[PDB]
Amino acid sequence: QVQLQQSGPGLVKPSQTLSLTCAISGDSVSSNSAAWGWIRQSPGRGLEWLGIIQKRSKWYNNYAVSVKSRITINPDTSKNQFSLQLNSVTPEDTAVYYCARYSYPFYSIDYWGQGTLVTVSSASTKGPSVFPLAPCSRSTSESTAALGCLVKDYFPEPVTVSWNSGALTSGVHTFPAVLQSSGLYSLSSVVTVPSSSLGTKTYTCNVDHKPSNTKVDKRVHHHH
Amino acid sequence: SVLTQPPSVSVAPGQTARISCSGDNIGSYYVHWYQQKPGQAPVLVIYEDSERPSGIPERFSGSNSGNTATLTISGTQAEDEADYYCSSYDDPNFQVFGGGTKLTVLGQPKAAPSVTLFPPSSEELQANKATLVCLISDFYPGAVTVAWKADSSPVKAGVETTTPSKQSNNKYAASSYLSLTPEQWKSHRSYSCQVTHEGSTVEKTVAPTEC
């Protein structure tokens with residue numbers, strides 16, 4: 001059939017040059033019956049067209065507006081490949097990159113590459129700062145209150161959060177971390193607790209980040 | 001050009017799903033439809049407004065007229081659950097995609113999101129930093145739109161929002177983070193976390209005057 005093999009580094013330092021290669025098999029890059037281009041997709045986001053090339057009377061190209069100043073798509077008529085090059089990269093260029101074949105005449109895409117996840121990050125291994133999560137002017141009316149811990153700015157995954165040294169497992173909800181533009185992760189863990197015992201009962205999170213040797217306990221101070 | 005799609009469409013097994021793709025005179029050019037499942041490259045399901053390529057089940061159908069292109073699925077199967085993107089062509093750019101639409105096939109009752117908003121802690125303020133934490137849990141289907149506000153004006157700067165993920169109860173969780181300076185936190189009188197889940201917006205609000 002037609003095969004599209006993507007190639008290139010998965011990690012790029014910010015403000016550097018992102019470079020990928022789509023090796024074609026079962027067709028020619030200089031085909032008069034097809035067009036070749038790149039499409040990217042930020043994690044948890046939607047598709048976005050980057051650029052395209054095709055050989056008619058001569059080689060033509062069309063680039064999306066926002067990358068046009070930085071993007072370059074070059075057909076390698078030797079190795080039967082076509083490349084993608086992004087100058088001056090930034091964390092918002094972090095995405096999954098798909099190369100694709102546009103079929104004439106409707107320019108529909110019948111073939112894709114396997115897609116390569118490229119991260120734009122200079123993040124170093126770092127220990128998180130653990131801050132308490134507690135509502136200020138609470139004044140509850142229900143038998144349930146929420147408290148937790150903010151595990152901010154760490155690298156890399158994972159981080160283990162426990163409550164009261166493992167004695168508190170019920171009502172515990174640790175959320176999947178976020179990947180900020182900085183390249184660092186932030187995570188939250190919260191507990192659903194009875195509000196009738198907030199005055200006597202205590203709650204402490206036990207955050208552990210092994211790569212940086214972070215062993216921090218943090219008592220979540222209840223406001224009243 | 002911009003092709004507007006609904007962020008989410010839910011449907012019970014065997015019922016009809018309709019996914020819109022609005023745009024200024026998008027009926028003047030052909031529209032393609034792509035299906036995308038997590039971890040996979042997209043798959044063409046409809047080309048030339050309404051044509052199905054080989055292999056694509058006949059329960060998929062397409063339409064395009066005026067300012068609305070619609071992908072319709074009859075007797076939606078569980079396997080039809082994916083992301084659906086529409087695409088067309090304006091000028092001079094060659095290709096534009098719609099924002100996308102998560103299609104969910106109901107395997108459990110719909111569930112409104114639980115939203116909790118935490119203010120920055122005094123420890124973080126001491127460290128000359130400020131962070132607002134908005135936590136969203138137990139919602140189904142797993143698609144939400146998070147909108148932050150300062151007083152009444154929308155805020156996009158410093159907003160990091162995660163991708164929805166399945167919980168141990170088969171429901172979904174997500175969280176949004178707003179990074180601020182303490183001066184910013186002390187300047188504005190209020191901050192809000194708006195969470196829209198299928199046309200229903202749950203709002204939580206914190207203020208620096210609460211402590």
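Protein chains get the first letters and strands the later ones, always in sequence-line order, with residue 1 at the start of each.
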Checking the side chain of B/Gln108 only, and the main-chain atoms of B/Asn170 only, is there a donor and an acceptor separated by less than 3.5 Å? yes
ask   = Given side chains that start at C-beta, do those of A/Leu168 and A/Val191 come closer than 4.5 Å, heavy atoms only?
value = yes
Without swapping roles, check the side chain of B/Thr104 against the backbone of B/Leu106 for a donor-acceptor pair under 3.5 Å.
-> no
**Request:** Determine whether B/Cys86 and B/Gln5 make a side-chain contact, defined as any pair of heavy atoms from C-beta on separated by less than 4.5 Å.
**Result:** yes
Could you pull out every donor-acceptor pair under 3.5 Å between side chains of residues 114-122 of chain A and any protein atom, sequence neighbours left out?
from     : atom 1 : to       : atom 2 : distance (Å)
A/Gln114 : OE1    : A/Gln6   : N      : 3.0
A/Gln114 : NE2    : A/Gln6   : O      : 3.2
A/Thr116 : OG1    : A/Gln6   : NE2    : 3.4
A/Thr119 : OG1    : A/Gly10  : O      : 3.2
A/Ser121 : OG     : A/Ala123 : N      : 3.1

In short, side-chain hydrogen bond (donor to acceptor under 3.5 Å, both in side chains) pairs touching residues 141-151 of chain B with sequence neighbours left out are B/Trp148-B/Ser176
B/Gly23 and B/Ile26 have their tightest heavy-atom pair at O-CG1, 3.3 Å
Run the side-chain donor-acceptor check on residues 217-224 of chain A: report pairs under 3.5 Å with partners two or more places apart or on a different chain.
from     : atom 1 : to       : atom 2 : distance (Å)
A/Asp217 : OD1    : A/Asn206 : ND2    : 2.8
A/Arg219 : NE     : A/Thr202 : OG1    : 2.9

| task | Report yes if the side chains of B/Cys211 and A/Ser137 come closer than 4.5 Å at any heavy-atom pair, otherwise no. | result | no
Taking B/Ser175's backbone N and O only, do any of them form a donor-acceptor pair with B/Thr162's side chain (distance below 3.5 Å, no angle check)?
yes
Here the pair of heavy atoms bringing B/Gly142 nearest to B/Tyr172 is CA-CG, 3.4 Å
Quick note, ring pair (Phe, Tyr, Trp, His ring centres under 6.0 Å) partners involving residues 109-140 of chain B, not counting sequence neighbours, are B/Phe139-B/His197
Side-chain (B/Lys166) to main-chain (B/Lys171) donor-acceptor, under 3.5 angstrom: no
Residue pairs meeting salt bridge (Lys or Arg N to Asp or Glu O under 4.0 Å), one or both in residues 62-79 of chain B, sequence neighbours left out, come to B/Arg59-B/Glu79
Rounding to 0.5 Å, atoms NZ (A/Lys68) and OH (A/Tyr63) come to a distance of 11.0 Å
Side-chain donor/acceptor pairs under 3.5 Å, residues 181-189 of chain B, sequence neighbours excluded:
from     : atom 1 : to       : atom 2 : distance (Å)
B/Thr181 : OG1    : B/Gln184 : N      : 3.1
B/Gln184 : OE1    : B/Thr181 : N      : 3.3
B/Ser187 : OG     : B/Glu183 : O      : 2.5

Q: State, yes or no, whether a side-chain contact exists between B/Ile73 and B/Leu103 at a heavy-atom distance under 4.5 Å.
A: yes
Residues B/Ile136 and B/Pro113: closest non-hydrogen pair is CG2-CB, 3.6 Å
Atom CD of A/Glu92 with >12 non-hydrogen neighbours under 6.0 angstrom:
yes
Fill in: B/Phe94 and A/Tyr107 aromatic centres sub-6.0 Å
yes
Whether B/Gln15 side chain and B/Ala12 backbone form a donor-acceptor pair below 3.5 Å
yes
Residues at least two apart in sequence or cross-chain that pass side chain to side chain contact (heavy atoms under 4.5 Å, CB included) with A/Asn213, listed by chain then number, are none
Pair B/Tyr47 + A/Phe106: ring centers closer than 6.0 Å = yes
Interatomic distance, OH@B/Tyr177 vs SG@B/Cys193, rounded to 0.5 Å, equals 11.5 Å
Are any non-hydrogen side-chain atoms of B/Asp24 and B/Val2 less than 4.5 angstrom apart?
no
In this structure, CG of B/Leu117 is separated from CG of B/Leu132 (nearest 0.5 Å) by 5.5 Å
Centroid-centroid distance, B/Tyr85 to B/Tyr34, less than 6.0 Å
no
Determine whether a donor-acceptor pair (N or O, by modelled atom type, separation under 3.5 Å) exists between the side chain of B/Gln167 and the backbone of B/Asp138.
yes
Requested in this report: Could you tell me whether a side-chain N or O of A/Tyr102 sits under 3.5 Å from a main-chain N or O of A/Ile53, the two making a donor and an acceptor?
Outcome: no
Counting N and O atoms only, with roles assigned by atom type, does the side chain of A/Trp163 sit under 3.5 Å from a partner on the main chain of A/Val190, one being a donor and the other an acceptor? no
Residues at least two apart in sequence or cross-chain that pass side chain to side chain contact (heavy atoms under 4.5 Å, CB included) with A/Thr17, listed by chain then number, are A/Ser19, A/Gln85, A/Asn87
Before you tell me yes or no, could you show the steps for B/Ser10 and B/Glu198 under side-chain hydrogen bond (donor to acceptor under 3.5 Å, both in side chains), namely the whole-Å CA-CA distance, both residues' side-chain angles and the distance that decides it to 0.1 Å? CA-CA 9 Å; B/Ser10 59; B/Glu198 291 192 347; 2.7 Å; yes
Value for OG (A/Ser42) from OH (A/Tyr97), rounded to nearest 0.5 Å, stands at 9.0 Å
For residues 95-121 of chain B, the salt bridge (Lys or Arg N to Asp or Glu O under 4.0 Å) pairs (sequence neighbours left out) are B/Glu81-B/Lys102
Determine yes or no for a side-chain-to-main-chain donor-acceptor pair under 3.5 angstrom, with B/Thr101 supplying the side chain and B/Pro6 the backbone.
yes
What one should report as the nearest heavy-atom pair of B/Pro42 and A/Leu47 is CG-CD2, 4.0 Å
Output for pair (B/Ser1 OG, B/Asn93 CG), nearest 0.5 Å, gives 6.0 Å
For B/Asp49, the side chain to side chain contact (heavy atoms under 4.5 Å, CB included) test, sequence neighbours excluded, returns B/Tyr30, B/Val31, B/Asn64
query: Quick one: are A/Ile73 and A/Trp36 in side-chain contact, heavy atoms under 4.5 Å?
result: no
Is a side-chain donor or acceptor of B/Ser153 paired with a backbone partner of B/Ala150 at a separation under 3.5 angstrom? no
Query raised in the report: Side chains of B/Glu48 and B/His32: closer than 4.5 Å at any heavy-atom pair?
Result: no
Would you say that A/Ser189 contacts A/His173 through its side chain, given a criterion of any heavy-atom pair below 4.5 Å between the two side chains? no
Considering only distance and modelled atom types, tabulate donor-acceptor pairs under 3.5 Å from the side chains of residues 141-159 of chain A, sequence neighbours left out.
from     : atom 1 : to       : atom 2 : distance (Å)
A/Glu142 : OE1    : A/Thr140 : OG1    : 3.4
A/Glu142 : OE2    : A/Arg138 : NH1    : 3.4
A/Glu142 : OE2    : A/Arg138 : NH2    : 2.4
A/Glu142 : OE2    : A/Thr140 : OG1    : 3.3
A/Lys152 : NZ     : B/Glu124 : OE2    : 2.4

Smallest heavy-atom separation, B/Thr70 atom then B/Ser20 atom, equals OG1-OG, 4.4 Å
Value for CD (B/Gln194) from OG1 (B/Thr205), rounded to nearest 0.5 Å, stands at 8.0 Å
Start with the C-alpha distance between B/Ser137 and B/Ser114, add both sets of side-chain angles, then the distance that settles side-chain hydrogen bond (donor to acceptor under 3.5 Å, both in side chains), and finish with yes or no.
CA-CA 5 Å; B/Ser137 53; B/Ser114 295; 4.6 Å; no
- In terms of the angle between their ring planes, are B/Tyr84 and B/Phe60 parallel, tilted or perpendicular, with boundaries placed at 30° and 60°? tilted
By side chain to side chain contact (heavy atoms under 4.5 Å, CB included), B/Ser122 pairs with (sequence neighbours left out) none
